[PDB]
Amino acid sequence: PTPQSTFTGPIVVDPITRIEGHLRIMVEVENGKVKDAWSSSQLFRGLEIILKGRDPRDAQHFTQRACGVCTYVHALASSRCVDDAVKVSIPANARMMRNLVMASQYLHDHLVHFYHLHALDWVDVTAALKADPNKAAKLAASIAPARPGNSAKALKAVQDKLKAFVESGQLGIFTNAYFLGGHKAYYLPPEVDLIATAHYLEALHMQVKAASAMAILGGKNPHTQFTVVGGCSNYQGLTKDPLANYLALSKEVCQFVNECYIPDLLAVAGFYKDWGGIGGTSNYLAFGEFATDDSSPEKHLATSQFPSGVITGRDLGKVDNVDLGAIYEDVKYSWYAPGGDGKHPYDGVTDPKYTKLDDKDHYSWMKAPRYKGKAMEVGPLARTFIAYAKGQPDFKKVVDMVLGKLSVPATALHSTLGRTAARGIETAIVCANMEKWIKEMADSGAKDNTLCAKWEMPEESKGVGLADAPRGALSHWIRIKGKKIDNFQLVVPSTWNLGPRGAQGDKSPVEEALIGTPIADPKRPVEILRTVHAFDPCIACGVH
């Protein structure tokens, strides 16, 4: 059974660490289970206000700084947004380059999230010291392909390095870890802790390689600099030698995803099967990504290889088309001026008005994005359900592989475990498509290196840029007046997932997901972290 205390009372976790940005979670607990929850974002910057009156060409450079974890994605969304507003259709090569950089970003982002942000909620690093290295090696030999980094020698070397660190008494980032001195909610055997920890250290190195691949096309990471209105500027990124290096690096990263990431995710998930019945929501939204036709927002929605769609009430049989006109944001429970409810992003208002800490009427700097009155979960789980429901061949294969390995029904995916699994699922799929996508752009670039189209700045216009970033459905909306930015609104996946209640007082996806969370120890509420981290929160993104 799932360890659960008898605690009745409030629990506040601030700061939520191992996420991007500043989040405060408040919950009411009764008899060891969360009965109510609040997602309180604690920083405002105001990029939408700062953008007013500026050159529309500048927007992508300002908005990229919405977030350095999901770097690039906002430059991409702004560029698509301005490209639509000036009505320019980018060259084929630009669509390819922009999509590959997004693919590279998924790879880097998801690896770092699983290992360096999420893993410490499931893995007891200090318990790894009690593991038998030889035993750990043979275990790793049964659940994953043969690799030198999984040998007894290599695993012992990790354990010794870890042992020297702990013995120093300077625990650094492990200081006051929830797993120190044992914790009922941590289930893994020590050998699995050692295996996961060894990969945690390997992944710190592998993420450098992932970033290098991305920079070949992106110019640098973090914060790429290769996109312009009408396409891209990186002519070298179409040439033979750089793309050979891009493929090589990408294959190294993909080997690590398939050898370490997926097998650790599967191993962890098998031990925490009870988490397949905790943290579920019901509505999913995706704008889709990796389109074959990006000439317009509707073409993006229709041609994304990771399909767009809307699922409501967990009904995997009725995937609706996205209606961009149906998106709006509320401010009733947010730190904004009254009278800003139900604003479609083209009519978006950002008028900050702070009240006080833990005010139940206003408790977040995030707006509350809604879709026909309903909260929507976005991200890997959303994309996975939508692609699965539409019968996307790759998603059918990999999801069934996972459902088999864990021996659960597809309905179990509506949970924190499922949310975590889906992130690994799409990472494997991105990897499977890399060599194809690269070959496509390599062949295309060799024949004709056209990369940026001609365009003209209109006096008055509007446009929208859509993307499915590593955390979900991202949209930038611009009104241009007198050739300047009259309004620029961002609606970001973490706004969907972690914003506060809507105008009806309905909970956001994270707030609903936390209801029913068991708490084994109120002072070390790892279970709250498990669910929150599974959404892969990005607060600078959510608030901007």
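One rule holds for the numbers: they count along the sequence shown, beginning at 1. Throughout, rigid core stands for the largest set of C-alpha atoms superposing within 1.5 Å between the two forms.
S.K.: Fit on the core, then compare CA atoms: does 302-310 or 138-146 lie farther from this form in 5 other deposited structures of this protein?
M.R.: So, of the two stretches, the farther one in 5 other deposited structures of this protein is 138-146.
S.K.: Do the CA atoms of 159-167 or those of 455-463 have the higher mean B-factor in the entry?
M.R.: Higher of the two, by average CA B-factor, is 159-167.
S.K.: Would you mind comparing 21-29 and 518-526 for me and telling me which has the higher average C-alpha temperature factor in the entry?
M.R.: The deposited B-factors put 518-526 ahead on the C-alpha mean.
S.K.: Can you pull the Cα B-factors for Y106, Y333, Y235, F395 from the entry and say which is highest?
M.R.: Within the set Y106, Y333, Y235, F395, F395 shows the top C-alpha B-factor.
S.K.: For the CA B factor values reported in this entry, which option in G472, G218, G231, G373 has the top one?
M.R.: That would be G373.
S.K.: Can you tell me whether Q255 has a C-alpha B-factor in the lowest, middle or highest third compared with the other modelled residues of the same chain?
M.R.: It belongs to the highest third of the chain when residues are ordered by C-alpha B-factor.
S.K.: Would you mind checking where the Cα B-factor of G46 ranks among the modelled residues of its chain, as the lowest, middle or highest third?
M.R.: Tercile = lowest for this residue's CA B-factor.
S.K.: Based on the entry's values, in what third of the chain does the Cα temperature factor of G505 lie: lowest, middle or highest?
M.R.: Within its chain, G505 is a highest-third residue by C-alpha B-factor, going by the deposited values.
S.K.: If you rank every modelled residue in this chain by C-alpha B factor, which third holds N433: lowest, middle or highest?
M.R.: Within its chain, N433 is a highest-third residue by C-alpha B-factor, going by the deposited values.
S.K.: Could you look up the Cα B-factor of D400 in the entry and say which third of the chain it sits in: lowest, middle or highest?
M.R.: Tercile = highest for this residue's CA B-factor.
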